[PDB]
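If you want the building blocks of each chain, they are given just below.
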Amino acid sequence: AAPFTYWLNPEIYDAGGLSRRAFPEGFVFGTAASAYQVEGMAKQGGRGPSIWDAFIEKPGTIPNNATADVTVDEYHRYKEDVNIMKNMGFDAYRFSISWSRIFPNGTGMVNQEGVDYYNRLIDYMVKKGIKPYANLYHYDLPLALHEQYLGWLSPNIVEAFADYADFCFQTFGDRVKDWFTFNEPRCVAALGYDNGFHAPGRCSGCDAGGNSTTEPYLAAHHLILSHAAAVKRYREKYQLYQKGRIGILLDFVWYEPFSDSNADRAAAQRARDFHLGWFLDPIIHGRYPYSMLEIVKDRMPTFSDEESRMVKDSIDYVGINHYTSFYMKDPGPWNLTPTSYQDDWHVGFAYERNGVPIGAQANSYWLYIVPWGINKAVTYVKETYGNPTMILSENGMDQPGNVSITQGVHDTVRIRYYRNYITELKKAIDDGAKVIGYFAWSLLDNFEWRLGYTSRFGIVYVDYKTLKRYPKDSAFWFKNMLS
């Protein structure tokens, strides 16, 4: 790396008033990653294929036909990675367990080599004083279960997931005291089954097949049932002895009414219903959002009374993944013929008001930098869902992939992102929000799904040539803020 790499950025030492003492006693700071995005060894160590392994095969899917077969190779480099987390002052690490690394077929035969990996990773975190937060699912359905019955589209997936989860509880639950069933089930359902942007690539008229009017709702329904079934195992068999907690990780874009008109306000609420309420209303109230029931009608599955009881209160806390905000407008008169889940929202998007952008854009096409949105989103959950216990489980932003080491490490925009967002989060907590943790996405630059390696989200730069880690200025900003 060129000598400018080592210039000391003064922004590192501007914590903007933030410190641990500005947050609740015992408040957890961590970083979050996922198995597929960081591990490597996708086709090795006994790991069975997942839907993304098949999805990536088709040329054009990932920029420069890159894969996650190696990625940043945390499978071998976990000690270094945990050492960085500890040196930067983090309390915790939210990682995920690859279903197909534990069960290559999804069911039956345990891959012991996979189990051994997670045991190593967890034992080392513990040794180093890093709290393990284990997520069970991050986009990585075993391909065999998709081949057998179309995965999330079948009620068969429910007990299969619960069995896998049950296994993880008895195997890792002596050390792991903080569990999540799913990361972003809304994205699993919408990206996988509405427009086919993510594995398994299904939608109306997609090459893989599908039906954007029904499959998103079917997948989501089974995700909710699978979550509840997994939580039932934990609560009935493990929780009392292990003394841990279990939740779910939900993405939440803040939708701000474009104007104060009734129509624009109702549009913003509708977007929240279809985005967050889709999963949170069942978990907190045992039923789907009212607007969804009224718009989607017969295309939405119904819970039985038993199912409804199992789903309701099936969390000890909720994870809110939050990055961005948009303005939301009434789109005028609605189209009558169902086409897709996205179209079912019946909303208009806006990205500027009075010629002023809602915020600057990050590298990712969807990511607008709008710090006040984290405050609105957290406050909304507090006021709507009975002030639940919350973890702000993902927050971060990206640089373009094509940045060099020398410029990549000087990420002042990311420092300002964290300082501003965390400051707005602190405001929500000061006003009564029961937030107990905060997790930055992500420690390392990694495989960013359809963007491959063209998007860099890390507070630590990774040279993909050599797999060497270079802490960015933002990492040192955290180190100073947290000390």
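Residues numbered from 1 in each chain as written, not as in the entry; some residues may be left out. Heavy atoms only, no water.

As deposited, the entry is annotated with X-ray crystallography as its determination method and 2.21 Å as its resolution.

The next point concerns the overall build of the protein. When you go through the protein residue by residue, the secondary structure sums to 17 helices and 17 strands. With the C-alpha coordinates of the protein rotated into their principal frame, the extents come out at 60 × 60 × 50 Å. Split into buried and exposed, the 483 residues of the protein put 65% on the buried side. Put simply, 77% of the contacts in the protein that link residues at least 6 apart link residues at least 24 apart. (Helix = DSSP H or I, 4+ residues; strand = E, 2+ residues; numbered from the N terminus. Buried < 20%, exposed > 50% of the residue type's maximum accessible area, 1.4 Å probe, protein only. Contact = heavy atoms within 4.5 Å.)

Quick look at the pairing of strand β14 (residues 435-440) now. Counting buried positions along β14 gives five out of six residues, so the element sits mostly inside the fold. For strand β1 (residues 28-32) and β14, the ladder comprises four bridges, and the chain directions are parallel. Within β14, the position partnered with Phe29 by the bridge is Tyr438. Bridge count for strand β12 (residues 390-394) against β14 is three bridges, and the pairing is parallel. (Pairing = 2+ DSSP bridges.)

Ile97, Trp99, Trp152, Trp179 and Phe478 are the most contacted members of the largest nonpolar core, which has 171 residues in total. Among the elements that take part in this core, helix α9 (residues 215-242) stands out by supplying twelve residues, more than any other. Ranked by size, the runner-up nonpolar core spans five residues in total, among them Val403, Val409, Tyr461 and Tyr470. (Core = buried A, V, L, I, M, F, W, Y, C linked by side-chain atoms within 4.5 Å.)

For an α-helix, the turn length of 3.6 residues means that residues three or four places apart are oriented alike. The end-to-end C-alpha distance of helix α3 (residues 74-87) is 17 Å, clearly below the 20 Å that 14 residues give at a rise of 1.5 Å each. Where α3 bends most, at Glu80, the angle is about 35°. (Expected span 1.5 Å × (residues − 1). Bend = angle between axes of the 7 residues up to and from the residue.)

Let us look at the pattern of salt bridges. In the structure shown here, the tally under the stated rule is 29 salt bridges. Ionic pairing is found between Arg47 and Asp53, a salt bridge with its closest N-O pair at 2.9 Å. You can call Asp53 buried: its relative accessible area is 5%. We note a salt bridge from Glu159 to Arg233, for which the minimum N-O separation is 2.8 Å. Highlighted residues: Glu159 in helix α7 (residues 157-172) and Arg233 in helix α9, separated in sequence by 74 residues. Among the residues examined, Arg233 registers a relative accessible area of 17% and is labelled buried. Connected via shared salt-bridge partners are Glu159, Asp163, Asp166, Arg233 and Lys237. (Salt bridge = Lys/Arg side-chain N within 4 Å of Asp/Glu carboxyl O.)

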